[PDB]
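> One structure is given below, represented as structure tokens, and several questions about it will come after.
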Amino acid sequence: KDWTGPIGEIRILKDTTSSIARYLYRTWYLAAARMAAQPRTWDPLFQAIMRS
Amino acid sequence: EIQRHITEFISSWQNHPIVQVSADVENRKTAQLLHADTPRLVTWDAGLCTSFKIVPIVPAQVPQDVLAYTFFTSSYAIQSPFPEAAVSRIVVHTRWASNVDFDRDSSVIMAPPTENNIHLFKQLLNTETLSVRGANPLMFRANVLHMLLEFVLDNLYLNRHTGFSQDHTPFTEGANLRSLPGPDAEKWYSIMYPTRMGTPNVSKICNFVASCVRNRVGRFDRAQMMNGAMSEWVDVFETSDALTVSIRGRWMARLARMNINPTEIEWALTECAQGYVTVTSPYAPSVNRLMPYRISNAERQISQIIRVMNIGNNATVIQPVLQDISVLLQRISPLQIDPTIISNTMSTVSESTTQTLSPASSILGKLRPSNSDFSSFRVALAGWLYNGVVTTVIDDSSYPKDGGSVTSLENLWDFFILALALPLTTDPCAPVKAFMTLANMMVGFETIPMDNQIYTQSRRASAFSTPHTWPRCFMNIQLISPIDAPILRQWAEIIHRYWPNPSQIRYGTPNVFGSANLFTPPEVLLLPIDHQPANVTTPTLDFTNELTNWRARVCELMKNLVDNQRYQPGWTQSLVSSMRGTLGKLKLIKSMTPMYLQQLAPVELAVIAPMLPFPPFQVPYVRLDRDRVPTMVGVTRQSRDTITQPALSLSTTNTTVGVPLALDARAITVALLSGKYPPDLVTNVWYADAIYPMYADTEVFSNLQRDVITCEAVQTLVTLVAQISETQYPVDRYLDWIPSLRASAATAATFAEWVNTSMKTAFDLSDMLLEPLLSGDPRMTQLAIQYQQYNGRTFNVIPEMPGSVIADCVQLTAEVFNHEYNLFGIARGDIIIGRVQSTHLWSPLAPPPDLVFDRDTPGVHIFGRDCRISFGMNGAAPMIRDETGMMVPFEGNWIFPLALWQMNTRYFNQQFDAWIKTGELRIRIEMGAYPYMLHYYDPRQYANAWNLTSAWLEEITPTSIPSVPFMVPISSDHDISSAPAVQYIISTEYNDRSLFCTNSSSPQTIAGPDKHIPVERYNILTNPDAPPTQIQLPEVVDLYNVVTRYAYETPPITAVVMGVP
Amino acid sequence: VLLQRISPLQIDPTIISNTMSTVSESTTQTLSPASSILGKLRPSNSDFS
Amino acid sequence: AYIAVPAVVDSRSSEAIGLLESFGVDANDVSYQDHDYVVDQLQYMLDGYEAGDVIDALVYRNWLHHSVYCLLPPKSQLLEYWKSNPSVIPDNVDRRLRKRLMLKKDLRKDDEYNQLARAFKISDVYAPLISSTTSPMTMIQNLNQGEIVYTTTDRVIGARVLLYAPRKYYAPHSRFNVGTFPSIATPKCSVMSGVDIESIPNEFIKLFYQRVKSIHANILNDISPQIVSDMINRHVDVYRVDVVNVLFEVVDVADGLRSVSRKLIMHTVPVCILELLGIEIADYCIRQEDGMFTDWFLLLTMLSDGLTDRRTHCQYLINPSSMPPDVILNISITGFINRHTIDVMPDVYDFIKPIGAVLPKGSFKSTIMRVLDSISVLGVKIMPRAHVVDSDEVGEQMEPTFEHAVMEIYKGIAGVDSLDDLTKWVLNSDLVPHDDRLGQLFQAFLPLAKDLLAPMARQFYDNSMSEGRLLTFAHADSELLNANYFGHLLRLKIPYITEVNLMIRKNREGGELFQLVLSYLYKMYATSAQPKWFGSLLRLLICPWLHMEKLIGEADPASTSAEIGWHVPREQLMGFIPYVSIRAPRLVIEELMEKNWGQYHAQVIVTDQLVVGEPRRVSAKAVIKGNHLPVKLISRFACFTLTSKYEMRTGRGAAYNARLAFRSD
């Protein structure tokens, strides 16, 4: 019950779950949302560096 | 109950929730705000505008004895406009003869009334109804409202001009008949023109057709504007449906109000560009196109309010918007980086190698350039468009980490960085942070009086966020003593005098684009800094503006600090001279950035700001005035207890909106100190080259189309919910004779979910309409916005709700439904169950007035709350008790409500049915509205209704009732022998408007109910003195009128407005 | 248990979840007020004994 | 005239496919454009720029103004090529610069050349010029003017790119034209409306059309395939099957009157099955005298990947029982609304290896193992029963078996004895489980599922990999993962209610509600991965074989067939087991005689007696050592069976380093 249907190959976890996995979910979610807003991940030179 | 638990399991499986918005939606709000799709407004219909089809029920007796087979037109295969059957009725079916571009995914499709139409009235709220037949009678009003909403939304099309052909038969006077496309089109003409048919017989069709006016067929009006072109509009006589004609006329009126022609598109794209690019529009007679884009002002403001309510205290929806405008400024800005200019100018600072400190080399470590420094500058430049929802502050890590003595040189540079970076941010507490940055660094050196023991002098400067943490010694400069804190006395006057001054720049095109701003007038933007339009187009370095003056006076404060007499003898002379030279050079660094912010950035902000997916939202800037700092910009979406006026219920029922976001102070002042131009820049070439690809899109013209639907569905929601709940808006209710329940907030929320799902199923939408209003209490809704200053004075905006089209058309359809409830499969009144045995041929949808009775009939017992039955003892009759306290036997004329039977449907059946069947009592069951079947029967044979009426009485449930069965005789055209028939359920009111004609291909109807072709519908044919336009629409629908047919084309904007590269 | 099974009211969890939105992150350092109240409220369907 | 279709169109190949009758248009004057290169060009275009600029640039391009690019070496090799053997210098050049180029042995010492070359720009000579900083909008807007455009970079979108220099310096219309990108620059350009944006299989055409219909939806001249068929008139690949959807409705004719209950839809049935079953727009009774579904509606529902209704849009799982809350008994088919192709060969099927299909506990197995056993399209068998392993069989070779092993889990719960009391304790009257009690049962179920079943399953699946390549059913997802199963993992579901199947079937050997409880245990034991619609396997199983006989049919059985298998040398003391079997036309098996079948080695253990009345056979065991067989090693044009047992044509046998051998006629 504590999943929805797929977004492609990913099911999302609804936040009204009763299990402990929402606390695992919110840390990785906040982590991704705060690393994507950094300015350093968007110049092409750093993407070439992380390719290397 | 082993088998019964399977039924319980399936019935608990099928009640799944239709709405699963339990997951988060703020990853989808961002994509919707950055790019919302357009609805689909104009769709073309090449068929004929009708929704009522005449269906046959019982076929005619095409061989018989009393009349030869050579009489009928059916023997000669003559096509007729009407079904040549024994009984014909009118049913409802939207979009037959409709070769549309695509469907709205709406349909009111009805079976003929001899079948079961119960599935249309258990669609909405019957989660807990067990049987396949049967629906809850307390849901009938909501079911009918959703059916009328579908019936309106399925007719939103525009009529298309197909093509004509003059006939060669002598059937008309050389008239011009329409030809409609399709795979099989040679049989539409008999349907589409009733008066074209020849007249051989004295059949009823041929009696109708030959009694009409001949010159009202085909084309009678056109508009021929050019040689060899499509006619723009015609007026044609054909079979139609005046309700559908009215709906499409109102829809055409709305889209004709939205129309623009490319001359003001040229003018608007010139004014939005401010002359830096010009476009053209031709000068020739038009081909009469339709480009719906001009909308009103309130429709724009309401969608702006809904978007501000969407971005609620989140700072992850609005962050990609500022990041987008950063890239968009970077694309067309002429300024670039030059990171090497500080490293070049700090190579000639005179200092000694023997010293340990190095003022020339400390700034280069404190202020390192990294070429990613405009990414944090253009976001601060783009945050000027939004102070209401976004308050850009300086990051926490850009402060000197618990104070920092002024004796330290690194903290002295850290003061300079913040003193240059703070005027760029739109935070209102920027001057008090600039003051307390120095006052933290001077603790024990120079002291000033504070307000409390909490916000002391050593209290950290980033903790001043609320506009009355401002110290009293800041706004009274006289409180700072000139002889015990002279440098703070200096810096206070520098802040109070040389802080920048707000201005205004005038973007926007008010004609085509509806202006979106609120609390500011239209066609104006507010800037925190001052601007002057440049006179030259070959720019060059100057030193007279507010930012360069600010840098110079911060440098001169640091010169007075190093020349203080308490501070100098702690240093050596070769260090003091080097620091003074570094400051004297850093004042006179040569950077273009203060000139750019003065002259060119306010022009290109106004160039960009109309062409933007989220329009500007500003409250007034203010320097240094405590009483005018805005707090709590707040939107409302509902009223409260009983206060029905938005200006009164606004102050206590709002939601405060807005975020702070953090930027670093190093990267802004690197941009301010290091920025240069191209080598030979000429601005009227540079901006004309840059702006030209930007103004070939049409995305803002799609957003203007979406705001129509976003304002329209709200008024549709209010009008439809007000028919079942008790709202505050003055609406017109028509469907009170249909029963429903006392709706709660959950019922209203569910019905509103069905409303907006049906709303976005049509118009082809896929994201997020009307859910921000839907999330709480859709009964009492209102839309307003307000903020206040520090002194408690409140501005507010309550936008008016403009004209709505769908909400008008639903009420029009309800006004028709009040008089034509029969065609949609609904009866009115209530039924009377009683044994009637005769050989007569009257119909139970029109009973004789001898059999009915009411509350005013003398000798009729009325039953209410009290249903207490005493049994019979030793042969006496069983008794039931009256409303008035009497006690009557099972005999006579009774009146029930339906709910009294439903609550006791088992206990009443055993007591009553054996008396209803053979005895002498008749029960009137008050219902108000009910659907119905029609079982016909041959009137020459016996017919008992008990197997139908017992199956109706035994399926009545506290939840649901099934449809009511009737028995109507089949009419004939020759004399028949009569047989006795027994029927039990009759109606009360007249109930026979659905019948069209009986014995359509026959000379007369003798036995049974007859009805000729309804003359009152086909008014234009049968009345030679009526005008062709006339419809008597609230009473009947007339099935035939003139309809106009357009042939306008819808070209894109770039196919008519070129742009001259 | 009897008073729970008689009652018309069901305690749904979705009303707070359709409003408060655990995402929020007003600031960038620590949790927002909106995401901090939900860590206490915990709108789970355990029970309401 | 220019219309646009939702598929990749090349001029030479999509005419051989036809590609327009495939959407449903009866059809010279229809000239196909080559939009093959623009899709790869778009894929190279998207990684640098954003999406919206690229798409909104490509939208405004007509496909009748014929034009071309030009790509030149940047500056140094540009001046060096003019220095070289051709003096093909244009007349836009500087009068001094061409004079310094017409001399001999220029070098760094020439100040008079270098001073002018360091101030020379390419934009002085060539105009209009695409540099790397130009927007994608202005590339196409400048391209629509003058039939040739000079560039600097490769990353452009639109027409074909041709080069200016040799590589040593670098680092035809008709009346009706179709394409795959809707143009806007002409007032008349058209887009077809057959299929929606949810069934477009290219994932770049889908991304394009969503963005086009998102903003330009009002101004698109929209037409239907019937209107296209009006406007026109007045080797053979397998694994490409046309699909449609069935728009039906359930009707309840009790006696006399009929009613309409639901309005369903069935998304991706293949067209060949609808043609060979011979069904039309009429009414149908879908029950037998028993109440079982009458063997063709069952196959239709097992071919599809969905079944929903049209008033709401939730998933509708039909009732397989005959208990009437909702019995579906009569079907009225009302049309077929969209039509497109689909590549039946999936993504996960790469190497030839056994197939693990995960079905739930109460899914219809006893019917499909009867139906799939009784199909034969050619002189082969598609899926016999002897190649199918039940989910039951893996836990039966044990001291009392896994169902009976967890049947006696009740000893260990307080207040629980006499298993009916446990089943009464877990399930309520609704037969929906309580939230805690099912997990309290599961925390004792789980070590019996892992520490007891999984080693035996690992041993059994190693044994099943040894004795041929088979198809193994499985209850749960993790049952094939905790035991290290080797093969393709397929997560499947059927459109039916699997729960009420568990109350119909008697002879269940235990509690009739206990097996529903045991089904819930397996449903919670599996991982949270989305299953993939059993029709996704059944179309692969049936539809290539049925399409094959329409063109392989009656050529010759000797030289249409061939078989792959392991080959042992004749020098043995007392051989060709088959591996797959391939049926193809003559040219395809002639193309299969090459592509040598070495670099594939096994170790065949071959010792058994003769078992059945067929000729001399020994059930061998082959264990593949090297890499397994790719499918593009076989073909895209030749069908092949998926499962096979091992046998060869007395004595003994030992470990033989076998190799493959393609035999044919």
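Chain labels follow the order of the structure tokens: the first chain is A, the next B, and so on; residue numbering restarts at 1 in every chain, and ligands are counted from 1 in their shown order.
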Using only C-alpha atoms, find the residues of chain D whose closest atom to chain A is at most 12 Å away, then write them as a list in words.
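Close enough to count are residues 47, 48, 49, 198, 203, 314, 315, 435, 436, 523, 524, 527, 528, 529, 530, 531 and 532 of chain D.
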> Those same residues, written as a PDB file, in the first residue's frame with N, CA and C atoms?

ATOM      1  N   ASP D  47      22.625  16.634 -25.909  1.00  0.00           N
ATOM      2  CA  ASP D  47      23.500  16.519 -24.748  1.00  0.00           C
ATOM      3  C   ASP D  47      24.216  17.821 -24.413  1.00  0.00           C
ATOM      4  N   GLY D  48      24.296  18.751 -25.357  1.00  0.00           N
ATOM      5  CA  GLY D  48      24.963  20.008 -25.094  1.00  0.00           C
ATOM      6  C   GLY D  48      24.012  21.090 -24.643  1.00  0.00           C
ATOM      7  N   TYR D  49      22.976  21.333 -25.436  1.00  0.00           N
ATOM      8  CA  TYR D  49      22.009  22.371 -25.130  1.00  0.00           C
ATOM      9  C   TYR D  49      20.950  21.836 -24.178  1.00  0.00           C
ATOM     10  N   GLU D 198       1.395   8.375 -25.614  1.00  0.00           N
ATOM     11  CA  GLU D 198       1.776   7.398 -24.608  1.00  0.00           C
ATOM     12  C   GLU D 198       2.242   6.079 -25.200  1.00  0.00           C
ATOM     13  N   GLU D 203      11.127   7.245 -27.944  1.00  0.00           N
ATOM     14  CA  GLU D 203      11.505   8.018 -26.759  1.00  0.00           C
ATOM     15  C   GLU D 203      12.176   9.347 -27.079  1.00  0.00           C
ATOM     16  N   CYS D 314      -9.145   4.319 -13.513  1.00  0.00           N
ATOM     17  CA  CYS D 314      -8.426   3.395 -12.655  1.00  0.00           C
ATOM     18  C   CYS D 314      -8.325   2.033 -13.322  1.00  0.00           C
ATOM     19  N   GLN D 315      -7.385   1.226 -12.835  1.00  0.00           N
ATOM     20  CA  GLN D 315      -7.227  -0.140 -13.323  1.00  0.00           C
ATOM     21  C   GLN D 315      -8.449  -0.972 -12.963  1.00  0.00           C
ATOM     22  N   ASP D 435      -3.311  -5.859  10.186  1.00  0.00           N
ATOM     23  CA  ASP D 435      -1.998  -5.321   9.861  1.00  0.00           C
ATOM     24  C   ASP D 435      -0.893  -5.968  10.683  1.00  0.00           C
ATOM     25  N   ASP D 436      -1.108  -6.169  11.980  1.00  0.00           N
ATOM     26  CA  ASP D 436      -0.024  -6.734  12.770  1.00  0.00           C
ATOM     27  C   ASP D 436       0.032  -8.249  12.660  1.00  0.00           C
ATOM     28  N   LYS D 523       3.020 -12.540  -1.368  1.00  0.00           N
ATOM     29  CA  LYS D 523       2.881 -11.178  -1.874  1.00  0.00           C
ATOM     30  C   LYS D 523       3.677 -10.188  -1.046  1.00  0.00           C
ATOM     31  N   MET D 524       3.845 -10.458   0.243  1.00  0.00           N
ATOM     32  CA  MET D 524       4.667  -9.582   1.057  1.00  0.00           C
ATOM     33  C   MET D 524       6.132 -10.008   1.073  1.00  0.00           C
ATOM     34  N   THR D 527       9.850  -8.306  -3.490  1.00  0.00           N
ATOM     35  CA  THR D 527      10.322  -6.934  -3.446  1.00  0.00           C
ATOM     36  C   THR D 527       9.307  -6.000  -4.091  1.00  0.00           C
ATOM     37  N   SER D 528       9.576  -4.706  -3.984  1.00  0.00           N
ATOM     38  CA  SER D 528       8.643  -3.687  -4.452  1.00  0.00           C
ATOM     39  C   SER D 528       8.991  -3.241  -5.870  1.00  0.00           C
ATOM     40  N   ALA D 529       9.022  -4.204  -6.779  1.00  0.00           N
ATOM     41  CA  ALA D 529       9.237  -3.931  -8.192  1.00  0.00           C
ATOM     42  C   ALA D 529       7.931  -4.129  -8.945  1.00  0.00           C
ATOM     43  N   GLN D 530       7.733  -3.337  -9.991  1.00  0.00           N
ATOM     44  CA  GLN D 530       6.463  -3.334 -10.708  1.00  0.00           C
ATOM     45  C   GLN D 530       6.436  -4.466 -11.727  1.00  0.00           C
ATOM     46  N   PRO D 531       5.463  -5.377 -11.663  1.00  0.00           N
ATOM     47  CA  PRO D 531       5.372  -6.435 -12.673  1.00  0.00           C
ATOM     48  C   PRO D 531       4.929  -5.883 -14.019  1.00  0.00           C
ATOM     49  N   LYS D 532       5.043  -6.730 -15.037  1.00  0.00           N
ATOM     50  CA  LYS D 532       5.133  -6.244 -16.405  1.00  0.00           C
ATOM     51  C   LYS D 532       4.222  -7.058 -17.327  1.00  0.00           C
TER      52      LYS D 532
END
> Counting only C-alpha atoms, which residues in chain A sit no more than 9 Å from chain B? For each one, give the nearest pair of atoms and the distance in Å, sorted by chain then residue number, as a tab-separated table.

residue	atom	partner	partner_atom	distance
A:4	CA	B:20	CA	8.2
A:12	CA	B:23	CA	7.8
A:13	CA	B:23	CA	7.1
A:14	CA	B:23	CA	4.4
A:15	CA	B:23	CA	5.9
A:16	CA	B:22	CA	6.9
A:33	CA	B:316	CA	8.0
A:37	CA	B:319	CA	7.9
A:39	CA	B:375	CA	6.9
A:40	CA	B:372	CA	7.8
A:43	CA	B:372	CA	8.0
> Export, as a PDB file, in the first residue's frame, the selected residues with C-alpha atoms.

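For reference, again_32.pdb as written:
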ATOM      1  CA  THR A   4       2.344   4.225  -5.957  1.00  0.00           C
ATOM      2  CA  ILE A  12       7.657   6.520  -5.352  1.00  0.00           C
ATOM      3  CA  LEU A  13       7.061   6.208  -1.619  1.00  0.00           C
ATOM      4  CA  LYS A  14       4.028   8.090  -0.336  1.00  0.00           C
ATOM      5  CA  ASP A  15       4.824  10.099   2.776  1.00  0.00           C
ATOM      6  CA  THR A  16       1.827   8.729   4.710  1.00  0.00           C
ATOM      7  CA  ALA A  33      17.684  18.633  -3.586  1.00  0.00           C
ATOM      8  CA  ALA A  37      21.087  23.565  -6.291  1.00  0.00           C
ATOM      9  CA  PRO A  39      26.392  26.130  -8.734  1.00  0.00           C
ATOM     10  CA  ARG A  40      29.471  23.921  -9.131  1.00  0.00           C
ATOM     11  CA  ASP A  43      29.786  24.216 -15.553  1.00  0.00           C
TER      12      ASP A  43
END
> Using DSSP on the backbone coordinates, identify all residues within chain C classified as helix (DSSP H, G or I); present the result as number ranges by chain.
C: 2-6, 14-20, 33-41
> Those residues you just picked out, can you put them in a file as a PDB file, in the first residue's frame with N, CA, C and O atoms?

ATOM      1  N   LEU C   2     -15.115  -0.536  20.715  1.00  0.00           N
ATOM      2  CA  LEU C   2     -16.515  -0.385  20.324  1.00  0.00           C
ATOM      3  C   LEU C   2     -16.819   1.030  19.855  1.00  0.00           C
ATOM      4  O   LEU C   2     -17.523   1.223  18.855  1.00  0.00           O
ATOM      5  N   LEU C   3     -16.275   2.029  20.545  1.00  0.00           N
ATOM      6  CA  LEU C   3     -16.502   3.412  20.172  1.00  0.00           C
ATOM      7  C   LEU C   3     -15.787   3.766  18.880  1.00  0.00           C
ATOM      8  O   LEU C   3     -16.231   4.670  18.168  1.00  0.00           O
ATOM      9  N   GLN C   4     -14.691   3.079  18.567  1.00  0.00           N
ATOM     10  CA  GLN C   4     -14.071   3.247  17.263  1.00  0.00           C
ATOM     11  C   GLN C   4     -14.919   2.646  16.156  1.00  0.00           C
ATOM     12  O   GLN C   4     -15.034   3.239  15.080  1.00  0.00           O
ATOM     13  N   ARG C   5     -15.531   1.493  16.393  1.00  0.00           N
ATOM     14  CA  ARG C   5     -16.256   0.839  15.312  1.00  0.00           C
ATOM     15  C   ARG C   5     -17.665   1.377  15.103  1.00  0.00           C
ATOM     16  O   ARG C   5     -18.222   1.185  14.020  1.00  0.00           O
ATOM     17  N   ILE C   6     -18.257   2.038  16.092  1.00  0.00           N
ATOM     18  CA  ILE C   6     -19.550   2.680  15.866  1.00  0.00           C
ATOM     19  C   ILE C   6     -19.412   3.959  15.043  1.00  0.00           C
ATOM     20  O   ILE C   6     -20.259   4.232  14.184  1.00  0.00           O
ATOM     21  N   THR C  14      -4.312  11.887   5.246  1.00  0.00           N
ATOM     22  CA  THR C  14      -3.900  12.613   4.058  1.00  0.00           C
ATOM     23  C   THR C  14      -4.169  14.106   4.125  1.00  0.00           C
ATOM     24  O   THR C  14      -3.658  14.836   3.271  1.00  0.00           O
ATOM     25  N   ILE C  15      -4.931  14.580   5.113  1.00  0.00           N
ATOM     26  CA  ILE C  15      -5.247  16.003   5.184  1.00  0.00           C
ATOM     27  C   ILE C  15      -4.008  16.817   5.529  1.00  0.00           C
ATOM     28  O   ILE C  15      -3.738  17.852   4.910  1.00  0.00           O
ATOM     29  N   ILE C  16      -3.214  16.346   6.491  1.00  0.00           N
ATOM     30  CA  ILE C  16      -1.982  17.042   6.844  1.00  0.00           C
ATOM     31  C   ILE C  16      -0.946  16.882   5.736  1.00  0.00           C
ATOM     32  O   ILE C  16      -0.141  17.788   5.475  1.00  0.00           O
ATOM     33  N   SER C  17      -0.963  15.738   5.049  1.00  0.00           N
ATOM     34  CA  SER C  17       0.033  15.475   4.018  1.00  0.00           C
ATOM     35  C   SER C  17      -0.245  16.257   2.745  1.00  0.00           C
ATOM     36  O   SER C  17       0.690  16.573   2.003  1.00  0.00           O
ATOM     37  N   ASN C  18      -1.505  16.584   2.473  1.00  0.00           N
ATOM     38  CA  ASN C  18      -1.836  17.407   1.318  1.00  0.00           C
ATOM     39  C   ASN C  18      -1.622  18.887   1.570  1.00  0.00           C
ATOM     40  O   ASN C  18      -1.889  19.696   0.677  1.00  0.00           O
ATOM     41  N   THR C  19      -1.158  19.261   2.753  1.00  0.00           N
ATOM     42  CA  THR C  19      -0.938  20.653   3.107  1.00  0.00           C
ATOM     43  C   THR C  19       0.518  20.944   3.428  1.00  0.00           C
ATOM     44  O   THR C  19       1.076  21.928   2.930  1.00  0.00           O
ATOM     45  N   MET C  20       1.165  20.093   4.215  1.00  0.00           N
ATOM     46  CA  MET C  20       2.397  20.515   4.864  1.00  0.00           C
ATOM     47  C   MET C  20       3.657  20.199   4.068  1.00  0.00           C
ATOM     48  O   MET C  20       4.599  20.999   4.103  1.00  0.00           O
ATOM     49  N   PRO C  33      10.484  24.704   9.363  1.00  0.00           N
ATOM     50  CA  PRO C  33       9.372  24.475  10.297  1.00  0.00           C
ATOM     51  C   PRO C  33       8.342  23.488   9.784  1.00  0.00           C
ATOM     52  O   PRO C  33       7.837  22.671  10.564  1.00  0.00           O
ATOM     53  N   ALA C  34       8.045  23.519   8.484  1.00  0.00           N
ATOM     54  CA  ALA C  34       7.052  22.618   7.917  1.00  0.00           C
ATOM     55  C   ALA C  34       7.535  21.177   7.915  1.00  0.00           C
ATOM     56  O   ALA C  34       6.758  20.264   8.203  1.00  0.00           O
ATOM     57  N   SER C  35       8.808  20.950   7.610  1.00  0.00           N
ATOM     58  CA  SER C  35       9.347  19.601   7.689  1.00  0.00           C
ATOM     59  C   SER C  35       9.725  19.202   9.104  1.00  0.00           C
ATOM     60  O   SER C  35       9.994  18.022   9.342  1.00  0.00           O
ATOM     61  N   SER C  36       9.757  20.144  10.040  1.00  0.00           N
ATOM     62  CA  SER C  36      10.078  19.821  11.420  1.00  0.00           C
ATOM     63  C   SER C  36       8.851  19.468  12.233  1.00  0.00           C
ATOM     64  O   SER C  36       8.956  18.699  13.194  1.00  0.00           O
ATOM     65  N   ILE C  37       7.691  20.025  11.886  1.00  0.00           N
ATOM     66  CA  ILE C  37       6.476  19.625  12.586  1.00  0.00           C
ATOM     67  C   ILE C  37       6.024  18.237  12.143  1.00  0.00           C
ATOM     68  O   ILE C  37       5.436  17.497  12.931  1.00  0.00           O
ATOM     69  N   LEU C  38       6.328  17.832  10.912  1.00  0.00           N
ATOM     70  CA  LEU C  38       5.872  16.530  10.444  1.00  0.00           C
ATOM     71  C   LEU C  38       6.686  15.402  11.049  1.00  0.00           C
ATOM     72  O   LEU C  38       6.162  14.302  11.242  1.00  0.00           O
ATOM     73  N   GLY C  39       7.948  15.670  11.391  1.00  0.00           N
ATOM     74  CA  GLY C  39       8.752  14.701  12.109  1.00  0.00           C
ATOM     75  C   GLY C  39       8.276  14.451  13.521  1.00  0.00           C
ATOM     76  O   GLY C  39       8.613  13.418  14.106  1.00  0.00           O
ATOM     77  N   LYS C  40       7.498  15.371  14.079  1.00  0.00           N
ATOM     78  CA  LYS C  40       6.836  15.162  15.355  1.00  0.00           C
ATOM     79  C   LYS C  40       5.430  14.613  15.216  1.00  0.00           C
ATOM     80  O   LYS C  40       5.039  13.743  15.998  1.00  0.00           O
ATOM     81  N   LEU C  41       4.653  15.135  14.264  1.00  0.00           N
ATOM     82  CA  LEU C  41       3.272  14.702  14.110  1.00  0.00           C
ATOM     83  C   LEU C  41       3.204  13.261  13.656  1.00  0.00           C
ATOM     84  O   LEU C  41       2.436  12.480  14.223  1.00  0.00           O
TER      85      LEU C  41
END
> Near chain C, meaning an atom within 9 Å, which residues of chain A appear when counting only C-alpha atoms? Write them as a short mmCIF file (atom, residue, chain, number, x, y, z; two decimals) with N, CA and C atoms, in the first residue's frame.

data_model
loop_
_atom_site.label_atom_id
_atom_site.label_comp_id
_atom_site.auth_asym_id
_atom_site.auth_seq_id
_atom_site.Cartn_x
_atom_site.Cartn_y
_atom_site.Cartn_z
N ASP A 15 4.30 9.67 1.49
CA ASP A 15 4.82 10.10 2.78
C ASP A 15 3.92 9.74 3.95
N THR A 16 2.73 9.22 3.68
CA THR A 16 1.83 8.73 4.71
C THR A 16 2.07 7.27 5.06
N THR A 17 3.26 6.76 4.78
CA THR A 17 3.59 5.39 5.14
C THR A 17 3.70 5.24 6.65
N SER A 18 3.51 4.01 7.11
CA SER A 18 3.62 3.71 8.52
C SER A 18 4.99 3.19 8.91
N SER A 19 5.83 2.87 7.94
CA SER A 19 7.11 2.25 8.23
C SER A 19 8.17 3.31 8.50
N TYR A 23 11.97 8.09 6.91
CA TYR A 23 13.12 8.83 7.44
C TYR A 23 14.38 8.54 6.63
N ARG A 26 13.65 10.84 3.34
CA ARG A 26 13.76 12.29 3.38
C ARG A 26 15.20 12.76 3.44
N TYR A 29 16.41 12.50 -0.10
CA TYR A 29 15.67 13.47 -0.90
C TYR A 29 16.20 14.88 -0.69
N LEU A 30 16.35 15.29 0.57
CA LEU A 30 16.96 16.57 0.90
C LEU A 30 18.39 16.67 0.42
N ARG A 34 19.58 19.45 -2.27
CA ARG A 34 20.58 20.44 -1.92
C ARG A 34 21.87 20.30 -2.72
#
> Just the number, please: distance in Å from atom CA of residue 148 of chain D to atom CA of residue 96 of chain D, one decimal.
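That distance, rounded to one decimal, is 27.6 Å.
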> Would you mind listing what lies within 10 Å of residue 950 of chain B as a ChimeraX atom specification, with only C-alpha atoms counted and same-chain residues fewer than 6 positions away left out?
/B:909,913,917,984
